[PDB]
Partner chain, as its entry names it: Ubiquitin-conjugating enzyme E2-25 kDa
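Before any questions on how it binds or moves, here is one chain, the form solved without the partner chain, in structure tokens.
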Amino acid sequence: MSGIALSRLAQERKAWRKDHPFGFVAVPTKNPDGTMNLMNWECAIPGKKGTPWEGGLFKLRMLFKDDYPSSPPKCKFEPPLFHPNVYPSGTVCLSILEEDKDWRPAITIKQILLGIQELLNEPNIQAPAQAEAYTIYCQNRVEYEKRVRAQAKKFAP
């Protein structure tokens, strides 16, 4: 009973294909039978130029629930990334990605991917999702940036 989610996702796919930010990727995965699985998208977010993330292309999976758009999609970096707001599982945390917080129907896939891109170099230090990145960020900013640069080079296309 995901007909409503599928209707919306079909339109978001057409909208994304028509126009999206350069360097970004967002494509529905395929089912075993070759048909599109609109509930599972493979995406990629480019590091923002001028930041320690530049040059890297960070892959992420967007998973939609049957009640979408009442609920936000679950976004997970694959593989998990070193970042204060990224769970060890890879799940990314953002106010617009929480039903109890800022998620709303007015939110698009483009807004979500741009929101995550912005979060990369502008982490929410008050609400960390992992102890590792938070600890380093707070104790040695230079070291933190060093680790970020290495990771960006590691995921350079």
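Residue numbers count along the first chain shown, from 1.
A summary of the deposited B-factors shows that, of 48-56 and 24-32, the stretch with the larger mean C-alpha value is 48-56. In this entry, the higher average B-factor at the C-alpha atoms falls on 101-109, of the pair 101-109 and 58-66. For the set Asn124, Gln130, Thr91, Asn40, the maximum C-alpha B-factor listed in the entry falls on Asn124. Among the modelled residues of its chain, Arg141 has a C-alpha B-factor that falls in the middle third according to the deposited record. Among the modelled residues of its chain, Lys14 has a C-alpha B-factor that falls in the lowest third according to the deposited record. When the modelled residues of the chain are ordered by C-alpha B-factor, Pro79 sits in the highest third.
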